[PDB]
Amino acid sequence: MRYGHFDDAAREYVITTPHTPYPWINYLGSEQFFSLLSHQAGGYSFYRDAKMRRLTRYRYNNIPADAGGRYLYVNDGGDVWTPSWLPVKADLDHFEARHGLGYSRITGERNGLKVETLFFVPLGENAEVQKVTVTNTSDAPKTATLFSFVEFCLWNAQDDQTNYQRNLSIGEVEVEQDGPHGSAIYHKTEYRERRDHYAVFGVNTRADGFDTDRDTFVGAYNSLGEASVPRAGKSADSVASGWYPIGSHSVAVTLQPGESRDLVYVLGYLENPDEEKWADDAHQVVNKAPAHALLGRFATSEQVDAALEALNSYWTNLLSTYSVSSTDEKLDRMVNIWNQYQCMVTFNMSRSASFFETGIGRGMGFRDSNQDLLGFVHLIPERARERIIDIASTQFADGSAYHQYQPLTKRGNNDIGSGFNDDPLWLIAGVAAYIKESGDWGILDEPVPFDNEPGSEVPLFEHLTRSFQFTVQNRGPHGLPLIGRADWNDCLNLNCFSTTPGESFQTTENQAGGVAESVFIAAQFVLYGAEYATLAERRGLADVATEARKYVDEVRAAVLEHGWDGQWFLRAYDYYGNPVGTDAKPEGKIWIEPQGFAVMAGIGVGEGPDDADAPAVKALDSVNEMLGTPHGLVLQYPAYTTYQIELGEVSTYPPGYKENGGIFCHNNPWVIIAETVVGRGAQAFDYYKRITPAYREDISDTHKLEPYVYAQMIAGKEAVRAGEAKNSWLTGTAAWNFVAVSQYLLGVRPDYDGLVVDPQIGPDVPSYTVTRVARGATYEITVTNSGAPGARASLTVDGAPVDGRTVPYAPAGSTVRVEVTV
């Protein structure tokens, strides 16, 4: 039922068994170098780009899962074991993995020898550091040999897995047994030609021996768990020539009773200017200057400790912007630690690389990285700022955009499709969230190219004009926006009609013509068009702003007139003008996306929570009856049981999975916020709980996946695996639940001209205090909360009552005490 427990004071999740339901990972690094690290040391690392600069190899869908990562074989008297458990799977007297913020510790103990490894990526460094502590826990002296192991990737991860006819002949290493700080191995494939970068794997000691060739170290016919070298007790000292390069060092250790030793291993990513690639005039020997420097920065324990403390200080400081103290310690741990930590990861990774996303085809999604901003702008505004410029530079002059860009190059590509008509409006979403947060109006003036074209620069604001005008000029017969390839739901392809197997719905060519419309984009246009009009007003553009609110008006009125089914919002009109998401159809009656997003947009809001005549209220009640489950809200009901050619990808999933009846968690917080907008705090918070890691920890054997982060997808009611998650970690659910909980449930949300304090969470959290730093000042917000249905807040500020729920921004350096009664 549980496989570990949170450690709130340490900011760690503690895994107390190797035998979890699935591999459970951490991400190390927050800047430009990243590692996937499972609780069994499986995973890999990459610089900037998981497809293009992957340092170490990892196999998806391996048998068993996650047999492959950073291993340390201990040979004690002929007995070989690994403290990560896998691959050898020797009985351990004690095992524990601690996943922390930017680091993890994995401990195994066997027959009087305890081996603990601290893994992290140091701030400022493109390296993964491991600090090993071997301890004699027996009453007698003890000796052992330790064999380190890492398997290299040949940089291009797609090439590495497919192009052996070339790549088995190109692997190249160097060995440096007597370096300045210890022993090192260089992985230097293709440095001969166009690469200016190599990898290093070294230790802060003169190793007894080494191995660079996988086949020699593992042995023929053997798995990682039977590697010949550790069993033999002595390195072969292999020098790779093609095949499969690895990094491994042997170190002999001797320990008195109770005595320990630290060893420091470093996996690094090094570059040289072209001028300085080589150490020799013949150009055969890599220039090792930067690696000697890197290894010198991690030559001692003290230096590792000092970096782990700077990393802890960096996390303390990131988490100082938004905190809560409440009566619900699960709510608290989510808000203060886990949900913000995940937001940092998604900002960096988008949907690119996890234990489910393979870090090949997906780079940095236009819609996804825009939505990640919403959860990230409060953490490091300046990096959010630059991300906005990078994303907007992949937009086209007509307002549409590349659906994603390649992280190394910042260039758009069509590798997972083009012409998704929801994409343009998300850019407004992210900019609005950024300006509300930081107040940096001058970003609107930043010159930004179209599709990276030298000389095409216009102000960022003009880019938002192109997004807005894209929708206004791409409406169909009902005044709703044309959907194109798909909207937010990638599997709703109304211009597709595909009969050909094995061509991606995402990528396959679309039919010209038709009248296919999205009720979802309409709700999105209403929400974010209003935001754009506001941006325009601030810029003194009264002509532009006026026209804009008119269009918003026309589209709102189109949603009530032509997008309302009777008890919920319509989903779409197909190519031929048929309604999708109507009670008139047998399957796919109600789809969740327009319900939450329409009501978020104020569409169909009546007199209050108990205004039973109001579309918003009918919509949400229907969401509740027809879509709700103990695990969250399923995307549509009922799921499709046969292929519907005119809807594209959606009906191709078996019922209850992904977009065909799955709980697609990213869209539940839309419903959450909808319910707070309508004044049903209690129900809003209920939905929050159903999908939130801290609340699902007690059902770990059912969720299966990491119990400390949101997943993309939980199997829905119509699936035999109801409650089982897939695709953990990399989901917009993280940014969107942070919004929901922080800004609409706890109620604290930056606006243009003040801080909105508008609790709506219902009776299960009767008091809390939020600490929010906003525009240089600190708001202490003490909330006493009846939870009464429909009841909203009154504020007194610094001893004096104020009107409404917006506290105008105090000057930098202030502390403002706001007293809240709901």
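One rule holds for the numbers: they count along the sequence shown, beginning at 1.
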Residue stretch of maximal mean CA temperature factor, 595 to 603 vs 350 to 358: 595 to 603
Per the record, averaged over C-alpha atoms, which has the higher B-factor: 610 to 618 or 425 to 433? 610 to 618
Given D490, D213, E151, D553, identify the residue with the highest C-alpha B factor in the PDB entry. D553
The residue of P245, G100, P477, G723 with the maximal C-alpha B-factor according to the PDB record is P477
Chain-relative CA temperature factor third for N136: highest
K234 by Cα B-factor - lowest, middle or highest third of the modelled chain: highest
Sorting the chain's modelled residues by C-alpha B-factor and splitting them into thirds places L535 in the highest
Going by what the PDB entry lists, where does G648 fall on CA B-factor within its chain: lowest, middle or highest third? middle
Among the modelled residues of its chain, the C-alpha B-factor of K188 falls in the third labelled lowest
